[PDB]
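Only one structure is covered here, and it is reproduced in the block below.
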Amino acid sequence: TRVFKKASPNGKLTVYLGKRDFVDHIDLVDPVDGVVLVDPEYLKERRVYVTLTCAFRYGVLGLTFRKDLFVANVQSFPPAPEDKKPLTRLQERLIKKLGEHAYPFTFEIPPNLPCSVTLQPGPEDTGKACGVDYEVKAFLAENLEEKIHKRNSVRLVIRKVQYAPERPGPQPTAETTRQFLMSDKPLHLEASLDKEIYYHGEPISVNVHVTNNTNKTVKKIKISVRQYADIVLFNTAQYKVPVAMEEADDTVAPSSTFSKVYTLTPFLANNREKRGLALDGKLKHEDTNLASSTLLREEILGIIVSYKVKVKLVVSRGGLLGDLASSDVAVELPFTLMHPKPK
Amino acid sequence: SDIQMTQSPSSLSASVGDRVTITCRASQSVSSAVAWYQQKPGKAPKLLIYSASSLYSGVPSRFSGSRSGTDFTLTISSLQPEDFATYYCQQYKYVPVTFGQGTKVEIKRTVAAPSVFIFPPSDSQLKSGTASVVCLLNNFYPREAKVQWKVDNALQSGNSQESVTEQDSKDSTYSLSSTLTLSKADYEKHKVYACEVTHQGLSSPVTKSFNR
Amino acid sequence: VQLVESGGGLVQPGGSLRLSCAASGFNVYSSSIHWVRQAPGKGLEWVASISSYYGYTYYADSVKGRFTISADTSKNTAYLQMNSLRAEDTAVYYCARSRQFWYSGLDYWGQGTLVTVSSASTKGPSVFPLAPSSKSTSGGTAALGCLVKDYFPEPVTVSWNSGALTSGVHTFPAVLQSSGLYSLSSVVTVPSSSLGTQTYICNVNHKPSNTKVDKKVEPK
Amino acid sequence: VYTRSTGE
């Protein structure tokens, strides 16, 4: 087995980790365990710290800022007498190879923390990846008040990720009935998806059934896969952006039924102009898929992403009320979009 | 200016049930992004191991993988009748992806000597205006051989194309076809055509010469 | 799940040929359609790749500026458009499958259609029998043979007695020659006592030029 | 900037 390592600009400090991606199982998260190699030759400040930081990065010309959401600090050197932690198997392997000079560090990620999400940049952006990202920074100083010198430190980007649940949810199904006043005639819309859990790049099948017992006519049927992003930092923000769509000219005449299966597949190639779109966290600048739906058990910081399919019937009423009163009929179907658990 | 792979084995040969190992040294570190493949002759390849050591589904338990820096390995616990094909080493960290040269894993058989037979040109070929002699070997192991024609009691080279068939799945033997391609006029003149074979099973070269 | 290749054939150097592979059980966006180039006994050489989910095309440096890789996402097909073909580009091109998220190697391949590039033109095989002489018979067993020579295209399938005779047969791989025409020899071993009383033939076939052969071997 | 791997 191999492990990751990164050194400070002048080499005096070297971090070691076992993996970059840490899985959030909701009930627990994979711990961030590692070691920091320090030589006595370059050990003058005589205090080495390690910090885990969950930060929201945001932007005029490529300038960015990091607001901390969760920060945790561990004093690797010296080992204070009032804190003795047992080493992980990964850590004890690392000391066995490196020696005493390697000082361990172990962070526990609490639940209800945001996952690593990167907001899509435009072609005219040169700054670092904006969004929510985790980061492990090891440095040495005389005390925590001292200003850390960029060369006496090292930072490594890590990600907090989730994977598809083992048990699939119930089949997403939804109904709605629009009843008009001119006559006692209902316009019924029923829609359903093939399954509850979908993987990225996989097709979504929307079964649509319309029972039009009214005098009006359905001119167009609009299907769309829409990404819901809830961003809770200061106050509140949120938006819906359609990662897939189809505008069928299928018509439902009065006093007639209609039934058709629409198949949509959300992918990034046709969404590269939608700046701010939620994507799965980027290590540095790697191309990543549409952000996976984050699952929360029972107002949580960071970017919370979900997905819904909207089926809208465009109706032309006319008659008594003319075109003043809208007669459109829509329904929505929530679903999960994330990657399978790597075996 | 591209990463190249160096499969160290060139023509591995082992008996059934043996533990065989194949190693490929990456020119520069490609990390654990290494895959191994199995390709039967006349068939498309199959995937065995991915990420260096992660066995793929639909692959036997015997297969397994490891890493030693630039040296990546492929180990089979017990060799099986199905597992007798040319294997490959790949890297997919940096584009373009590259493969190894190929290792001719084959069955181990007792050293049987070839049965050389020479065949004279047909009446149909010689009227067409061309001349060609076929020297044929059969049921021999190992596959290595060094046949060279001798015409008019003089060695002739540079005009002898050779072809070899795949190892038979039942008796585990090879065959070889040598062809002395020449014009019609050359055949009639200095007509002392012959083929001389040299093989491990044969203590002495056995020449099969034809006159008329 | 299956992959089907078509569009392979002989094309003069500097010409154009197009290839496509069907996809079954794989979603275009959930996978990436690689291509490979293995000439006979030369090894695998990746030529091109297409990522439908990220809309990226990748080409081999030699291939760059010549082949174009595309994909009709509805019909689930990938079309490698080869332009300005060199004679060196003669190979069996396979179409592979990869996990879009994330790369897992080439876990499935199609059989792969045969691509040929040469100035020589398609020619029918000239079959001349190799009569079993006294030299041929040794150890109580004799050997028939048919020689297929002067055909250029690579595909030739030969079966004795139209496939009824599959014992002792040895079909040698074809080899390209100074002329450029491919030459292949096929021989069988049949007991001598049966030799003479019974007659055996070689069913040579060459689809490019449409030439069935029923030549029969008689001892010399 | 580059991050490298090593044995364990």
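How things are named: the first chain in the structure tokens is A, the next is B, and so on; residues count from 1 in each chain; ligands count from 1 in the order shown.
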
Need to verify the contact set: residue D:4, 9 Å, only C-alpha atoms, exclusion of same-chain residues closer than 5 positions in sequence. Can you return it as a ChimeraX atom specification?
/A:3-6

Got a sec to pull out which chain B residues are within 9 Å of chain C, counting only C-alpha atoms, and send them as a PyMOL selection string?
chain B and resi 33-37+42-51+56+88+90-92+95-102+115-125+134+161-166+175-177+208-210

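Take atom CA of residue C:19 and atom CA of residue C:100: the distance between them is 22.0 Å.
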
Could the residues of chain D that have an atom at most 9 Å from chain B be listed as CSV, each with its closest atom pair and the distance in Å to one decimal, counting only C-alpha atoms and ordered by chain and ascending residue number?
residue,atom,partner,partner_atom,distance
D:5,CA,B:31,CA,7.7
D:6,CA,B:69,CA,8.6
D:7,CA,B:69,CA,8.3

Take the residues from that selection and put them in a file with N, CA, C and O atoms, as a compact mmCIF listing (two decimals), in the first residue's frame.
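The result, written out as selection.txt:
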# COMPACT_ATOMS: atom_id res chain seq x y z
N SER D 5 3.58 10.20 -3.81
CA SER D 5 3.23 9.01 -3.06
C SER D 5 4.49 8.29 -2.56
O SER D 5 5.60 8.63 -2.97
N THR D 6 4.30 7.29 -1.71
CA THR D 6 5.41 6.46 -1.23
C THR D 6 4.90 5.21 -0.53
O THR D 6 3.73 5.13 -0.16
N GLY D 7 5.78 4.23 -0.35
CA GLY D 7 5.42 2.96 0.26
C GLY D 7 5.09 3.06 1.73
O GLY D 7 5.41 4.06 2.38

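The spacing separating atom CA of residue A:196 from atom CA of residue A:334 amounts to 8.1 Å.
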
Show me, as JSON lines, the residues of chain C having an atom within 8 Å of chain A, each with the closest atom pair and its distance in Å, using only C-alpha atoms.
{"residue": "C:27", "atom": "CA", "partner": "A:202", "partner_atom": "CA", "distance": 6.5}
{"residue": "C:28", "atom": "CA", "partner": "A:201", "partner_atom": "CA", "distance": 7.8}
{"residue": "C:29", "atom": "CA", "partner": "A:201", "partner_atom": "CA", "distance": 4.7}
{"residue": "C:30", "atom": "CA", "partner": "A:201", "partner_atom": "CA", "distance": 4.1}
{"residue": "C:31", "atom": "CA", "partner": "A:201", "partner_atom": "CA", "distance": 7.8}
{"residue": "C:52", "atom": "CA", "partner": "A:269", "partner_atom": "CA", "distance": 7.4}
{"residue": "C:53", "atom": "CA", "partner": "A:267", "partner_atom": "CA", "distance": 5.3}
{"residue": "C:54", "atom": "CA", "partner": "A:269", "partner_atom": "CA", "distance": 4.8}
{"residue": "C:55", "atom": "CA", "partner": "A:269", "partner_atom": "CA", "distance": 5.1}
{"residue": "C:100", "atom": "CA", "partner": "A:201", "partner_atom": "CA", "distance": 7.9}
{"residue": "C:101", "atom": "CA", "partner": "A:200", "partner_atom": "CA", "distance": 7.7}

Could you dump the residues just selected with N, CA and C atoms as a CSV table (one decimal), in the first residue's frame?
chain,number,residue,atom,x,y,z
C,27,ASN,N,-24.5,3.0,-21.2
C,27,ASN,CA,-25.0,4.4,-21.6
C,27,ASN,C,-23.8,5.2,-22.1
C,28,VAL,N,-24.1,6.0,-23.1
C,28,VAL,CA,-23.0,6.8,-23.7
C,28,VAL,C,-22.4,7.8,-22.7
C,29,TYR,N,-23.2,8.4,-21.9
C,29,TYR,CA,-22.7,9.4,-21.0
C,29,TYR,C,-22.0,8.7,-19.8
C,30,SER,N,-22.5,7.5,-19.4
C,30,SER,CA,-21.9,6.8,-18.3
C,30,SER,C,-20.6,6.1,-18.7
C,31,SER,N,-20.2,6.2,-19.9
C,31,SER,CA,-19.0,5.5,-20.4
C,31,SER,C,-18.2,6.3,-21.3
C,52,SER,N,-18.2,11.4,-23.6
C,52,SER,CA,-19.5,12.1,-23.8
C,52,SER,C,-19.9,13.0,-22.7
C,53,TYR,N,-19.7,12.6,-21.5
C,53,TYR,CA,-20.1,13.3,-20.3
C,53,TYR,C,-19.4,14.7,-20.2
C,54,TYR,N,-18.1,14.7,-20.6
C,54,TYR,CA,-17.3,15.9,-20.5
C,54,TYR,C,-17.0,16.5,-21.9
C,55,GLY,N,-17.5,15.9,-22.9
C,55,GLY,CA,-17.3,16.4,-24.3
C,55,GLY,C,-15.9,16.7,-24.7
C,100,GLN,N,-16.9,5.9,-16.9
C,100,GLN,CA,-16.8,7.4,-17.0
C,100,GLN,C,-16.4,7.9,-15.6
C,101,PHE,N,-17.0,7.4,-14.6
C,101,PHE,CA,-16.7,7.8,-13.2
C,101,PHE,C,-16.4,6.6,-12.3

Residues of chain A near chain D: apply a cut-off of 10 Å, count only C-alpha atoms, and supply the list as a VMD selection string.
chain A and resid 1 to 9 16 to 18 90 93 to 98 154 to 156

For residue A:80: contacts at 12 Å, only C-alpha atoms, fewer than 4 positions along chain excluded, given as a PyMOL selection string:
chain A and resi 47-49+74-76+84-85

Keeping N, CA, C and O atoms, export the residues of the selection given above as a PDB file, in the first residue's frame.
ATOM      1  N   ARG A  47       7.441  24.118  18.215  1.00  0.00           N
ATOM      2  CA  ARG A  47       6.021  23.795  18.337  1.00  0.00           C
ATOM      3  C   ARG A  47       5.465  23.610  16.932  1.00  0.00           C
ATOM      4  O   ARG A  47       5.495  24.548  16.130  1.00  0.00           O
ATOM      5  N   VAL A  48       4.956  22.416  16.638  1.00  0.00           N
ATOM      6  CA  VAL A  48       4.348  22.107  15.347  1.00  0.00           C
ATOM      7  C   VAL A  48       2.868  21.830  15.572  1.00  0.00           C
ATOM      8  O   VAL A  48       2.505  21.011  16.426  1.00  0.00           O
ATOM      9  N   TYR A  49       2.018  22.508  14.805  1.00  0.00           N
ATOM     10  CA  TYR A  49       0.576  22.331  14.874  1.00  0.00           C
ATOM     11  C   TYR A  49       0.051  21.795  13.548  1.00  0.00           C
ATOM     12  O   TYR A  49       0.682  21.943  12.497  1.00  0.00           O
ATOM     13  N   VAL A  74      -4.766  20.509  16.332  1.00  0.00           N
ATOM     14  CA  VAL A  74      -4.100  19.488  17.132  1.00  0.00           C
ATOM     15  C   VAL A  74      -2.634  19.874  17.264  1.00  0.00           C
ATOM     16  O   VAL A  74      -1.984  20.205  16.266  1.00  0.00           O
ATOM     17  N   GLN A  75      -2.119  19.832  18.489  1.00  0.00           N
ATOM     18  CA  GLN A  75      -0.716  20.141  18.760  1.00  0.00           C
ATOM     19  C   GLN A  75       0.081  18.848  18.648  1.00  0.00           C
ATOM     20  O   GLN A  75       0.174  18.076  19.606  1.00  0.00           O
ATOM     21  N   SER A  76       0.664  18.610  17.471  1.00  0.00           N
ATOM     22  CA  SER A  76       1.431  17.385  17.266  1.00  0.00           C
ATOM     23  C   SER A  76       2.748  17.423  18.029  1.00  0.00           C
ATOM     24  O   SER A  76       3.164  16.414  18.610  1.00  0.00           O
ATOM     25  N   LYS A  84      -3.283  12.135  25.637  1.00  0.00           N
ATOM     26  CA  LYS A  84      -2.653  10.929  25.105  1.00  0.00           C
ATOM     27  C   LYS A  84      -3.691  10.182  24.277  1.00  0.00           C
ATOM     28  O   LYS A  84      -4.659   9.646  24.828  1.00  0.00           O
ATOM     29  N   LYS A  85      -3.487  10.134  22.951  1.00  0.00           N
ATOM     30  CA  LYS A  85      -4.421   9.450  22.067  1.00  0.00           C
ATOM     31  C   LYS A  85      -3.793   8.187  21.488  1.00  0.00           C
ATOM     32  O   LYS A  85      -2.602   8.185  21.158  1.00  0.00           O
TER      33      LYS A  85
END

Report, in Å to a single decimal, how far apart atom CA of residue B:182 and atom CA of residue B:195 are.
14.4 Å

Going by DSSP on the backbone, which bits of stretch 62-210 of chain C are strand (DSSP E)? Write them as a PyMOL selection string, please.
chain C and resi 67-72+77-83+91-99+108-109+113-117+126-129+141-151+157-160+170-171+175-176+182-191+202-205

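The environment of residue A:26 within 12 Å, counting only C-alpha atoms and disregarding residues fewer than 2 places along the same chain, consists of residues 22, 23, 24, 28, 29, 30, 109, 110, 111, 112, 113, 114, 115, 160, 161, 162, 163, 165, 294, 295, 296, 297 and 298 of chain A.
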
Considering only C-alpha atoms, return as a PyMOL selection string whatever protein or nucleic-acid residues lie within 8 Å of stretch 322-328 of chain A, sequence-local ones (same chain, fewer than 5 positions apart) excluded.
chain A and resi 312-317

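The smallest atom-to-atom distance between residue A:319 and any of A:190, A:273, A:283, A:181, using only C-alpha atoms, is found for A:181.
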
Residues near stretch 240-247 of chain A, cut-off 8 Å, only C-alpha atoms, skip fewer than 6 positions along chain, as an MDAnalysis selection string
chainID A and resid 220:229 264:268 271 277

Who sits within 7 Å of residue A:178, only C-alpha atoms, same chain under 6 positions skipped, as a CSV table (one decimal) with N, CA, C and O atoms, in the first residue's frame:
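For reference, around11.csv as written:
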chain,number,residue,atom,x,y,z
A,186,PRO,N,-62.0,17.8,-14.9
A,186,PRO,CA,-60.7,17.8,-14.4
A,186,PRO,C,-59.6,17.5,-15.4
A,186,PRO,O,-59.8,16.7,-16.3
A,187,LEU,N,-58.4,18.2,-15.3
A,187,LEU,CA,-57.2,17.9,-16.1
A,187,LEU,C,-56.3,17.2,-15.1
A,187,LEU,O,-55.7,17.8,-14.2
A,188,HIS,N,-56.0,15.9,-15.3
A,188,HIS,CA,-55.2,15.1,-14.4
A,188,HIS,C,-53.8,14.8,-15.0
A,188,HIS,O,-53.7,14.5,-16.2
A,329,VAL,N,-50.2,23.3,-15.8
A,329,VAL,CA,-50.3,22.2,-14.8
A,329,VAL,C,-49.0,21.5,-14.7
A,329,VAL,O,-48.5,21.0,-15.7
